[PDB]
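Undergrad: Structure provided below as structure tokens; questions to follow.
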Amino acid sequence: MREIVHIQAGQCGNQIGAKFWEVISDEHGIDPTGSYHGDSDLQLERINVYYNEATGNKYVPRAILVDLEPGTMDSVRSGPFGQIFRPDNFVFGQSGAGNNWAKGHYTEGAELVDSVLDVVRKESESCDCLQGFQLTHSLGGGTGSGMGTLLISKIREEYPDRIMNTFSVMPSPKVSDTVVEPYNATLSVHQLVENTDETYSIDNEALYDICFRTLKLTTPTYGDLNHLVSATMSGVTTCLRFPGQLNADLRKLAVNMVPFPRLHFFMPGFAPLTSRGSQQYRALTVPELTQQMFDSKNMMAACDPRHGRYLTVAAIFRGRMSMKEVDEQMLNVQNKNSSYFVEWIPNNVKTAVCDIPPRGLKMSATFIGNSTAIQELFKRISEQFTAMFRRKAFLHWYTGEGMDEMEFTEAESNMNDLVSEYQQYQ
Amino acid sequence: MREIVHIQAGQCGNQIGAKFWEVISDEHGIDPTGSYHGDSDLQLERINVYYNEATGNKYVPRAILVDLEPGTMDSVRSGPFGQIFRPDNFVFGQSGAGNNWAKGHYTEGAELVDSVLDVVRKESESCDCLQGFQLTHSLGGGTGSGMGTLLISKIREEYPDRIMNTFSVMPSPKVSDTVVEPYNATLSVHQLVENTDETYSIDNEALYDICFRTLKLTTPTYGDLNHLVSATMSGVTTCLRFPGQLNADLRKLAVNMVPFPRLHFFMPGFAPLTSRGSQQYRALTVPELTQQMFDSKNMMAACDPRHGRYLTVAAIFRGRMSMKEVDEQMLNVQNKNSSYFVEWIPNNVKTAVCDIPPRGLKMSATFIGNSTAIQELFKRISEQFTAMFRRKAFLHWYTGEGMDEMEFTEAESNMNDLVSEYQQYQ
Amino acid sequence: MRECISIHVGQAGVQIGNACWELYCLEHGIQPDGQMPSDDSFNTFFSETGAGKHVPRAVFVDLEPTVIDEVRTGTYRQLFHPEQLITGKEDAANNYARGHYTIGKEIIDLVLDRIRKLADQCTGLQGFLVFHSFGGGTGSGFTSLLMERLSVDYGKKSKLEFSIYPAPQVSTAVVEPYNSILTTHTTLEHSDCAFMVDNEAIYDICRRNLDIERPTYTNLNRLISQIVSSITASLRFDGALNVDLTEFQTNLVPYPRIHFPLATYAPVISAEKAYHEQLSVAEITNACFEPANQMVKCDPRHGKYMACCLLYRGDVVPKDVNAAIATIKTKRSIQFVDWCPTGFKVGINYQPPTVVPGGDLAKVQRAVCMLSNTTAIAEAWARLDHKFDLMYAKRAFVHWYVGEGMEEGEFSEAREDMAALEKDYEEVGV
Amino acid sequence: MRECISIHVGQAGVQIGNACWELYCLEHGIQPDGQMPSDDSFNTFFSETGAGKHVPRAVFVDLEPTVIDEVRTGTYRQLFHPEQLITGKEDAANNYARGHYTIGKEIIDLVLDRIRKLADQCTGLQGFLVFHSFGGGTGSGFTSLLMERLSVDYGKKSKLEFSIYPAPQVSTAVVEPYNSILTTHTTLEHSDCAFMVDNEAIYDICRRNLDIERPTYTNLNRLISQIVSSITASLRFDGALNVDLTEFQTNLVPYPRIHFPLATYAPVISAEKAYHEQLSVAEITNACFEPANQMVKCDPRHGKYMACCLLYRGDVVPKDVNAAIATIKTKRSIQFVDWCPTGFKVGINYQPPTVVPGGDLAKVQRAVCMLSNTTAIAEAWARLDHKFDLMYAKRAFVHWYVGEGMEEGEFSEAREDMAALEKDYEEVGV
Ligand SMILES: CC(=O)O[C@H]1C(=O)[C@@]2(C)[C@H]([C@H](OC(=O)c3ccccc3)[C@]3(O)C[C@H](OC(=O)[C@H](O)[C@@H](NC(=O)c4ccccc4)c4ccccc4)C(C)=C1C3(C)C)[C@]1(OC(C)=O)CO[C@@H]1C[C@@H]2O
Ligand SMILES: CC(=O)O[C@H]1C(=O)[C@@]2(C)[C@H]([C@H](OC(=O)c3ccccc3)[C@]3(O)C[C@H](OC(=O)[C@H](O)[C@@H](NC(=O)c4ccccc4)c4ccccc4)C(C)=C1C3(C)C)[C@]1(OC(C)=O)CO[C@@H]1C[C@@H]2O
Ligand SMILES: Nc1nc2c(ncn2[C@@H]2O[C@H](COP(=O)(O)OP(=O)(O)OP(=O)(O)O)[C@@H](O)[C@H]2O)c(=O)[nH]1
Ligand SMILES: Nc1nc2c(ncn2[C@@H]2O[C@H](COP(=O)(O)OP(=O)(O)OP(=O)(O)O)[C@@H](O)[C@H]2O)c(=O)[nH]1
Ligand SMILES: Nc1nc2c(ncn2[C@@H]2O[C@H](COP(=O)(O)OP(=O)(O)O)[C@@H](O)[C@H]2O)c(=O)[nH]1
Ligand SMILES: Nc1nc2c(ncn2[C@@H]2O[C@H](COP(=O)(O)OP(=O)(O)O)[C@@H](O)[C@H]2O)c(=O)[nH]1
Ligand SMILES: [Mg+2]
Ligand SMILES: [Mg+2]
């Protein structure tokens with residue numbers, strides 16, 4: 001029943017997916033050993049969406065862990081929930097990609113794509129009614145951006161009709177940790193736009209901005225950014241794992257949220273968000289959730305929505321609430337801020353409400369937005385690419401892998417085409 | 001319901017506003033932690049006027065604390081009621097204004113005005129029906145006089161219709177603690193007259209005169225002056241937080257109290273006032289409250305009303321009293337002292353009575369007066385300005401901030417214009 | 001049959017309503033919950049439902065909630081229909097301007113809606129009893145907006161006006177004459193008979209007659225309620241000479257614009273004082289014409305009487321009424337205009353006055369309601385016109401009225417209208 | 001005898017069914033288990049077996065299981081025939097395209113199979129009561145596929161249409177007008193009388209009348225159930241003037257294409273409010289024509305009435321109905337088309353309204369069901385047509401409809417059809 005098959009690519013992808021697995025195992029009440037320990041039967045009916053039923057009433061997640069290094073596999077298996085995973089889905093090479101997209105897409109990951117495909121196919125045939133694939137990866141470096149796009153293309157080729165949603169942490173200028181990120185991002189979005197039905201753009205800088213300027217953490221580590229990602233990870237698929245008054249699965253979002261086929265790079269967000277010493281004082285009412293939700297500080301990318309127009313926004317609320325105030329805020333936001341939403345398309349909001357709130361939360365709101373302002377990251381990536389493209393650096397480490405100049409040129413042309421379409425409707 | 005949004009500017013402003021918050025938290029029975037502890041439900045209906053309802057039935061005041069130094073924020077948060085305030089409204093810089101009006105109005109406070117506006121706007125949208133803004137600041141120095149006028153101008157610009165009442169402690173010759181006060185006062189009243197609908201003039205010298213010659217305190221500290229200010233602070237807004245026979249909110253006062261738009265700098269006062277060893281002997285009857293109320297010793301500025309004529313006086317009484325004696329004293333005062341009240345406007349008094357007296361008091365009277373004698377402080381400030389204007393001292397510390405001579409000239413011209421209008425009707 | 005819709009505007013109107021209904025529930029024997037423990041004497045003022053509940057036909061309109069939601073907390077919170085008592089969001093600021101154009105505009109449409117839903121059960125609606133204050137912002141502006149639409153939707157129905165009028169000396173606000181002058185167009189054009197109430201005169205009444213040194217406005221209210229109930233006495237109870245509300249106002253009014261009579265009540269007397277007097281019909285008849293008993297600080301001996309109406313109630317014989325009025329016409333100090341050598345209209349009712357248990361008024365077997373028009377009352381406006389000049393001569397507070405959408409010349413039409421009224425009440429005295 | 005098969009399509013349809021059957025089991029006194037503790041008043045809606053069990057004749061069809069298998073877990077899991085409540089595997093994705101061609105194709109054959117096995121025990125089948133939402137993917141596509149085959153297999157049987165219609169301002173999806181426009185062919189060609197439901201208007205109803213600040217859709221449902229039960233009241237209980245379901249729709253319909261009447265219910269009132277009103281027949285008659293009580297956000301005063309049907313129930317005397325309708329025809333503000341000077345159809349039933357114990361509606365001895373066709377309702381489509389233009393002008397979301405097997409020109413036929421309907425409802429108003 002609407003089974004969803006998860007794939008992890010790169011160290012970023014597999015660690016954030018592992019923490020997502022931890023979060024939704026707590027939501028479904030799954031013991032670290034894999035046994036069920038939840039309180040209500042509501043956690044139990046839609047276990048088949050993320051986990052496989054096995055002997056002993058223990059449940060194994062439908063995740064395929066893919067990497068080119070064994071060290072990340074070693075860390076994840078030794079992590080808090082390493083034991084719950086399938087030993088077979090730990091499919092990995094030995095030599096790393098070295099943050100080389102060409103390595104992952106032609107040499108290093110091409111040999112392991114056969115060993116990942118035979119696992120993803122068995123996972124899919126284990127499903128009763130497959131709905132799609134949620135894939136976690138990073139546009140930075142050559143592992144997540146490199147092999148991730150290749151296997152995404154393969155699964156899209158053999159699964160043409162299933163939903164393809166990807167959550168992509170993507171490079172940024174001021175919190176860049178690797179020199180050669182823009183090549184990787186340009187060569188990755190080239191395949192992401194053509195193949196993926198859904199892509200969530202996540203930028204690390206805005207995660208940092210959330211954890212300082214909203215969460216007031218003095219030392220928010222990398223796991224806290226993983227937590228911020230996993231919150232929306234769990235939120236976007238809430239409707240098809242739990243009952244709610246307005247059920248909106250992934251394709252419910254899709255039919256409402258992407259006006260033209262290529263305009264599918266979106267803006268995630270989550271509410272509520274407070275510091276430790278300020279949650280005691282906050283009124284968690286739904287209107288306040290809304291005023292927090294469309295704030296430019298709550299978002300997870302540097303693209304400020306005030307520099308563009310929203311095409312479609314998705315607000316999947318959660319908890320035991322009525323909904324007239326839901327409609328009134330969703331119309332007030334787009335009425336008083338009608339200059340920030342495309343007036344030519346009147347009702348830019350898709351509303352979904354779930355009946356069971358997250359554990360420890362009385363209510364929650366998950367933000368998904370289509371703004372023309374998201375081109376801020378794309379054109380900046382293209383500009384940084386040009387600053388390292390126009391007269392030939394670093395290309396020997398790609399062309400040595402069989403990579404060629406004209407494909408880089410087409411990738412840049414496609415970035416320019418994308419930013420053109422997203423500026424067209426602004 | 002007639003929500004009122006408070007802003008603190010300068011160390012003077014934020015400490016006197018903090019003690020006002022303490023006083024009215026005791027009046028409303030609010031625990032230091034923010035929980036409700038009052039005795040009657042009368043303290044509870046109009047909590048929305050000053051405080052925001054939050055989870056746990058605790059209440060956070062609608063105050064925005066603004067300063068250019070963190071030391072005052074440190075003192076106020078560590079004060080008796082520091083914990084009840086919002087951590088977000090502590091908006092502050094690091095480098096102080098150095099008692100420089102130009103610094104606060106152009107360089108130091110201009111960068112923080114964006115961080116104060118996003119807080120005041122969220123506080124206002126949190127209100128059900130905003131009535132106005134009560135702002136506390138000091139005309140002395142460059143923080144309260146400097147940034148206070150700038151943000152007052154901004155909020156007046158974006159809130160053109162709401163009531164603007166400010167309580168301003170203002171410089172004085174004999175109890176002056178800073179050399180450069182007159183520049184600050186002249187550059188502040190320039191904006192106060194043009195923007196504010198209401199300004200209460202408070203002079204420190206008359207507070208000292210009250211605490212010695214009426215209260216008989218041997219060592220009345222600065223907090224006692226803060227207390228004397230906060231008494232009228234609470235009194236002026238009594239009618240819209242509690243029931244009374246004659247309800248007179250801020251705009252009720254306004255429509256009765258300022259005959260021409262620019263004649264809005266007023267004379268606060270409060271009764272009863274006794275020493276510790278003399279309250280045991282005093283008869284607190286309303287006529288005695290009146291005879292104390294219009295005394296030149298009860299007022300909080302050096303401007304002796306016998307040197308001018310009252311335009312309008314506001315007597316907001318409080319307590320379980322009848323009112324025929326109220327009318328008879330309010331007519332006897334203006335009849336036997338008709339030479340001190342403009343005969344050309346016959347009934348100079350606005351009468352308001354509240355049903356619940358202050359805690360520990362059987363009755364109380366709050367004095368608000370429009371006298372032409374208030375020009376005593378204005379013309380003296382102008383004269384002291386001229387003694388440091390006519391041949392160029394201290395201007396390098398303003399002109400170094402982008403400040404210019406001709407604006408000083410216009411400020412002095414506007415002080416002269418004001419004193420001209422207030423002498424015109426004397 | 002014989003229903004009357006009572007309107008209550010402003011703080012003064014709503015609180016005088018709170019006192020009036022306090023008197024009505026006692027005199028007709030209804031609990032504060034609306035029930036009848038155990039004639040259709042209540043049909044004039046109260047509506048009846050199937051469960052045996054008495055629902056008043058009254059509207060409390062205040063542009064500010066404090067007094068009315070105080071009524072929502074008082075002992076009469078359940079007596080009234082909760083959404084027939086209408087509250088605004090912004091107070092009237094003692095300003096006719098906003099109350100007549102700005103803030104009452106959004107709320108008046110609901111007020112007339114509730115008036116219609118009060119009219120549609122009245123099978124024999126007799127008239128309207130609207131209460132307010134001249135000096136108040138609500139009682140001026142909202143009433144001015146409301147009688148305008150009532151005069152076109154209920155033009156045939158009589159509209160009695162019970163208004164509270166400023167004192168020559170006692171005042172609570174400086175803007176009171178401003179609010180009072182723009183009310184004058186409403187009473188002249190959209191009122192059928194106005195009753196003016198002065199606080200200082202009745203202050204003297206309670207000081208001298210009730211012997212009480214320290215009454216509140218509640219004591220004022222617990223006698224305005226008696227005056228209005230006595231005016232409505234004939235419509236609700238049986239009497240030898242019952243005066244219809246139309247009969248009443250036909251007897252008061254000599255000309256369509258001369259409809260401003262004074263009011264007095266007798267016997268206003270304390271409980272300790274009721275014992276030592278027999279309190280005959282003659283002395284309560286003589287006490288009413290005494291200038292020390294007038295409700296408005298004007299000397300009737302300074303003026304001439306046009307119409308006289310003797311609204312007796314209780315154990316009063318009409319022969320004693322004739323004997324008293326013979327003495328009244330005997331003295332020369334009370335000189336009536338050459339219009340009315342017949343002088344007196346007589347109305348007698350069998351119900352003795354009902355005493356408020358917490359009131360300061362004594363229990364008397366007889367009570368008389370005095371309503372008379374006279375030319376001396378123009379003095380109560382002869383100080384208000386000179387008063388209004390004393391402010392308007394600089395344009396004293398007009399920037400608020402100008403700032404809230406009033407034409408500057410509306411003051412000019414206002415004092416022109418009061419001058420016309422003052423002249424009209426002088427030529428008829430010749 | 002007099003059986004009706006109820007169809008429930010989409011989440012809205014199945015949940016409004018959950019509320020309707022909640023009302024029906026209470027009003028006919030059936031436990032949630034289907035038993036009768038202790039007339040054939042239930043034969044209209046429920047079937048009977050040998051063991052004394054009441055089995056509803058209803059189908060819950062949803063292309064997704066969550067709501068229906070939630071019903072399989074609720075208190076009514078045993079009331080319903082488990083495999084007459086049909087669940088799909090893939091949700092409709094708010095898309096008419098897949099619901100009408102792709103995903104509903106494999107499931108509709110079982111739906112008609114169950115409809116046939118519900119028809120074959122109905123000896124006197126009267127009509128169909130299908131529930132859905134315009135904006136929903138299932139309620140659009142699957143209903144469009146289903147009425148097509150029902151109109152050829154049960155062409156003679158009446159098909160009443162109770163549909164939930166988008167608000168002018170409140171909306172839950174951006175594709176809602178797309179789903180709504182392709183539904184218009186179904187109501188015009190394969191429906192006999194459609195009843196349109198607006199969420200924002202009834203939001204205002206519950207805000208103003210019920211005094212409840214925070215109701216859910218369940219409160220909406222516990223009044224749609226009352227409106228449908230009141231429409232079916234005459235078929236199940238005794239009445240002085242029982243209106244047959246065919247008689248009803250013959251009285252509504254002036255022309256085969258003009259069959260889109262508004263609905264209102266009175267008295268919608270809270271329990272605290274029911275006490276202070278007598279709640280006569282006249283006021284519930286007057287409250288229905290008030291635009292503040294309409295179920296669809298359109299002003300009847302903007303339009304003209306064609307057919308009026310007074311579906312009273314409870315302790316109502318037909319004389320009072322005639323007296324009320326005389327007043328209704330008396331006022332000019334309610335102007336009927338020159339078609340119907342007779343105006344009103346009257347239906348009276350002896351059963352008082354049944355109150356839901358968890359509901360927000362008061363217990364009233366009288367209830368009236370108002371169903372009227374008018375030309376003002378075209379405004380509810382006059383914003384939806386301009387709305388649909390505002391998306392179709394770029395081909396806003398058509399690639400999904402194109403990608404799921406819809407012809408691109410079907411949108412062209414759709415807005416041509418709505419324009420034809422809009423014209424048809426304007427010429428008749430002259
Ligand atoms: C005592 C109390 O009220 O504290 C709350 C809490 O509400 C706060 C402090 C929580 C707290 O979260 C954090 O401290 C945090 C730190 C870094 C990154 C993200 C969160 C909380 O840890 C998080 C936790 O939230 C949950 O349990 C949700 O179900 C959440 N799951 C997790 O956060 C989680 C934590 C550890 C392991 C597995 C899951 C979730 C959210 C969306 C979708 C699915 C699940 C709650 C209620 C609290 C604490 C414990 C302090 C916040 O978290 C969430 C996700 O709601 C941070 O801002 C929100 C709201 C609050 O301020
Ligand atoms: C035993 C006794 O009768 O003593 C009284 C008192 O009446 C005296 C001594 C009080 C007392 O006030 C002072 O000593 C004082 C000192 C410096 C500055 C101002 C006051 C009193 O402290 C003050 C206090 O007043 C209140 O509580 C009012 O509600 C007041 N609130 C406060 O003063 C306050 C104090 C601490 C913390 C928070 C509030 C108030 C006044 C106006 C508007 C709102 C609130 C009272 C009745 C007394 C004492 C305790 C001695 C006086 O205070 C006030 C404001 O009424 C000083 O002169 C008046 C009248 C009296 O002489
Ligand atoms: N006699 C009498 N007069 C009253 C009473 N209450 C108010 N008034 C009169 O009302 C006048 C002032 O009006 P307000 O007190 O402002 O009441 P209002 O009519 O609601 O006007 P707003 O407050 O501006 O809305 C005073 O001058 C009083 O004469 C009362 O209880 N008795
Ligand atoms: N009045 C009312 N309308 C409802 C209710 N539930 C759903 N709706 C309407 O249904 C519309 C959207 O349809 P959906 O929620 O998707 O339900 P659906 O008909 O099953 O459509 P799909 O989910 O795509 O299969 C909303 O715009 C609502 O107006 C309800 O309980 N009451
Ligand atoms: N938000 C987030 N970003 C990360 C995390 N770990 C690493 N990153 C950054 O994301 C980028 C992704 O590149 P990387 O995954 O190392 O390339 P790869 O090895 O080829 O997959 C790196 O440059 C890191 O700076 C994390 O846990 N969260
Ligand atoms: N009445 C009163 N006056 C004060 C208090 N504290 C300081 N002052 C005086 O008020 C003046 C205000 O100047 P100040 O606030 O220091 O300037 P700023 O730092 O630029 O805001 C100072 O010169 C002080 O002498 C107080 O608590 N009460
Ligand atoms: Mg008032
Ligand atoms: Mg559905």
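Chains: A, B, ... in order of the structure tokens. Residues: from 1 per chain. Ligands: from 1, in order shown.
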All residues within 6 Å of ligand 2 are required, counting only C-alpha atoms and all ligand atoms; please report them as a list in words.

TA: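 If we count only C-alpha atoms and all ligand atoms, the neighbours of ligand 2 turn out to be residues 22, 23, 26, 224, 227, 228, 231, 234, 235, 272, 273, 274, 275, 276, 279, 358, 359, 360 and 361 of chain B.
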
Undergrad: Please check the contacts: residues of chain B at most 8 Å away from chain C, using only C-alpha atoms, listed as a list in words.

TA: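 Filtering chain B at 8 Å from chain C with only C-alpha atoms gives residues 1, 2, 129, 243, 248, 251, 252, 255, 256, 259, 260, 261, 322, 323, 324, 327, 328, 331, 344, 345, 346, 347, 348, 349, 350 and 351 of chain B.
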
Undergrad: Could you take the residues named above and write them with N, CA, C and O atoms, as a JSON list (two decimals), in the first residue's frame?

TA:
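Listing of selection-v1.json after writing:
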[["chain", "number", "residue", "atom", "x", "y", "z"],
["B", 1, "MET", "N", -8.36, 43.99, 22.08],
["B", 1, "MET", "CA", -9.20, 45.05, 22.63],
["B", 1, "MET", "C", -8.35, 46.19, 23.19],
["B", 1, "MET", "O", -7.94, 46.15, 24.35],
["B", 2, "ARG", "N", -8.10, 47.20, 22.35],
["B", 2, "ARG", "CA", -7.33, 48.38, 22.73],
["B", 2, "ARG", "C", -5.96, 48.00, 23.28],
["B", 2, "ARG", "O", -5.52, 48.49, 24.33],
["B", 129, "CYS", "N", -6.70, 44.52, 18.57],
["B", 129, "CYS", "CA", -7.11, 45.85, 18.13],
["B", 129, "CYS", "C", -6.14, 46.85, 18.77],
["B", 129, "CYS", "O", -6.33, 47.25, 19.92],
["B", 243, "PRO", "N", -12.82, 48.70, 34.84],
["B", 243, "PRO", "CA", -14.07, 49.45, 34.78],
["B", 243, "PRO", "C", -14.07, 50.63, 35.75],
["B", 243, "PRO", "O", -13.38, 50.63, 36.78],
["B", 248, "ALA", "N", -12.34, 56.81, 30.43],
["B", 248, "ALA", "CA", -11.59, 57.78, 29.63],
["B", 248, "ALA", "C", -10.27, 57.15, 29.21],
["B", 248, "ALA", "O", -9.27, 57.25, 29.93],
["B", 251, "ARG", "N", -7.45, 58.20, 24.01],
["B", 251, "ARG", "CA", -8.03, 59.11, 23.03],
["B", 251, "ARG", "C", -9.16, 59.94, 23.65],
["B", 251, "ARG", "O", -9.41, 61.07, 23.21],
["B", 252, "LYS", "N", -9.84, 59.41, 24.66],
["B", 252, "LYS", "CA", -10.72, 60.24, 25.48],
["B", 252, "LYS", "C", -9.97, 61.42, 26.08],
["B", 252, "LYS", "O", -10.48, 62.54, 26.07],
["B", 255, "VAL", "N", -8.93, 63.94, 22.97],
["B", 255, "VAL", "CA", -9.96, 64.80, 22.40],
["B", 255, "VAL", "C", -10.32, 65.93, 23.35],
["B", 255, "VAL", "O", -10.85, 66.97, 22.94],
["B", 256, "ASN", "N", -10.03, 65.77, 24.64],
["B", 256, "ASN", "CA", -10.39, 66.79, 25.61],
["B", 256, "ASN", "C", -9.22, 67.70, 25.98],
["B", 256, "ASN", "O", -9.44, 68.79, 26.51],
["B", 259, "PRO", "N", -5.97, 71.43, 22.80],
["B", 259, "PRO", "CA", -6.84, 72.29, 21.97],
["B", 259, "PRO", "C", -6.36, 72.48, 20.54],
["B", 259, "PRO", "O", -7.17, 72.41, 19.61],
["B", 260, "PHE", "N", -5.07, 72.71, 20.34],
["B", 260, "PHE", "CA", -4.49, 72.79, 19.01],
["B", 260, "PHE", "C", -3.46, 71.69, 18.83],
["B", 260, "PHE", "O", -2.83, 71.27, 19.81],
["B", 261, "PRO", "N", -3.25, 71.20, 17.60],
["B", 261, "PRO", "CA", -2.49, 69.95, 17.42],
["B", 261, "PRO", "C", -1.10, 69.95, 18.03],
["B", 261, "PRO", "O", -0.62, 68.89, 18.46],
["B", 322, "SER", "N", -18.25, 58.48, 45.22],
["B", 322, "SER", "CA", -19.20, 59.25, 44.43],
["B", 322, "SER", "C", -18.49, 60.44, 43.80],
["B", 322, "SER", "O", -17.27, 60.58, 43.90],
["B", 323, "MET", "N", -19.25, 61.31, 43.14],
["B", 323, "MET", "CA", -18.62, 62.21, 42.18],
["B", 323, "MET", "C", -19.15, 63.64, 42.22],
["B", 323, "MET", "O", -18.64, 64.50, 41.50],
["B", 324, "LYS", "N", -20.18, 63.92, 43.02],
["B", 324, "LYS", "CA", -20.63, 65.30, 43.14],
["B", 324, "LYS", "C", -19.54, 66.16, 43.76],
["B", 324, "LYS", "O", -19.30, 67.29, 43.32],
["B", 327, "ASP", "N", -17.06, 66.92, 41.00],
["B", 327, "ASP", "CA", -17.42, 68.09, 40.20],
["B", 327, "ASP", "C", -17.24, 69.37, 40.99],
["B", 327, "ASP", "O", -16.78, 70.38, 40.44],
["B", 328, "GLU", "N", -17.58, 69.36, 42.28],
["B", 328, "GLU", "CA", -17.52, 70.60, 43.06],
["B", 328, "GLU", "C", -16.08, 71.05, 43.27],
["B", 328, "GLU", "O", -15.78, 72.25, 43.17],
["B", 331, "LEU", "N", -14.77, 72.37, 39.90],
["B", 331, "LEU", "CA", -15.25, 73.71, 39.56],
["B", 331, "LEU", "C", -14.70, 74.75, 40.53],
["B", 331, "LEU", "O", -14.43, 75.89, 40.14],
["B", 344, "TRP", "N", -11.18, 82.15, 28.90],
["B", 344, "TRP", "CA", -11.73, 82.08, 27.56],
["B", 344, "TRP", "C", -12.19, 80.68, 27.17],
["B", 344, "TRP", "O", -13.00, 80.54, 26.24],
["B", 345, "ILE", "N", -11.68, 79.65, 27.82],
["B", 345, "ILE", "CA", -12.19, 78.29, 27.74],
["B", 345, "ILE", "C", -12.69, 77.89, 29.13],
["B", 345, "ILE", "O", -11.90, 77.77, 30.07],
["B", 346, "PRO", "N", -13.99, 77.70, 29.31],
["B", 346, "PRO", "CA", -14.57, 77.73, 30.66],
["B", 346, "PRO", "C", -14.27, 76.53, 31.55],
["B", 346, "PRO", "O", -13.80, 76.71, 32.68],
["B", 347, "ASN", "N", -14.50, 75.31, 31.06],
["B", 347, "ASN", "CA", -14.35, 74.11, 31.87],
["B", 347, "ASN", "C", -13.08, 73.40, 31.43],
["B", 347, "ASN", "O", -13.10, 72.63, 30.47],
["B", 348, "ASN", "N", -11.98, 73.68, 32.13],
["B", 348, "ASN", "CA", -10.66, 73.22, 31.74],
["B", 348, "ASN", "C", -10.35, 71.80, 32.19],
["B", 348, "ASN", "O", -9.26, 71.30, 31.90],
["B", 349, "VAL", "N", -11.27, 71.15, 32.90],
["B", 349, "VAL", "CA", -10.97, 69.89, 33.57],
["B", 349, "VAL", "C", -11.70, 68.75, 32.86],
["B", 349, "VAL", "O", -12.87, 68.89, 32.48],
["B", 350, "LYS", "N", -10.98, 67.66, 32.64],
["B", 350, "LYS", "CA", -11.60, 66.40, 32.25],
["B", 350, "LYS", "C", -11.59, 65.44, 33.44],
["B", 350, "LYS", "O", -10.54, 65.17, 34.02],
["B", 351, "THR", "N", -12.76, 64.92, 33.78],
["B", 351, "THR", "CA", -12.92, 64.09, 34.96],
["B", 351, "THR", "C", -13.14, 62.63, 34.56],
["B", 351, "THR", "O", -14.00, 62.32, 33.74]]

Undergrad: Return the neighbours of chain B among the residues of chain A, cut-off 7 Å, counting only C-alpha atoms, as a list in words.

TA: residues 281, 282 and 283 of chain A

Undergrad: At a cut-off of 8 Å, which residues of chain D touch chain C? Count only C-alpha atoms and give the answer as a ChimeraX atom specification.

TA: /D:275-278

Undergrad: Hey, what's within 10 Å of residue 82 of chain B if we count only C-alpha atoms and toss same-chain stuff fewer than 4 positions away? As an MDAnalysis selection string, please?

TA: chainID B and resid 18 22 32:33 73:78 86:87

Undergrad: Tell me, in Å to one decimal, how far atom CA of residue 41 of chain A is from atom CA of residue 133 of chain A.

TA: 25.8 Å
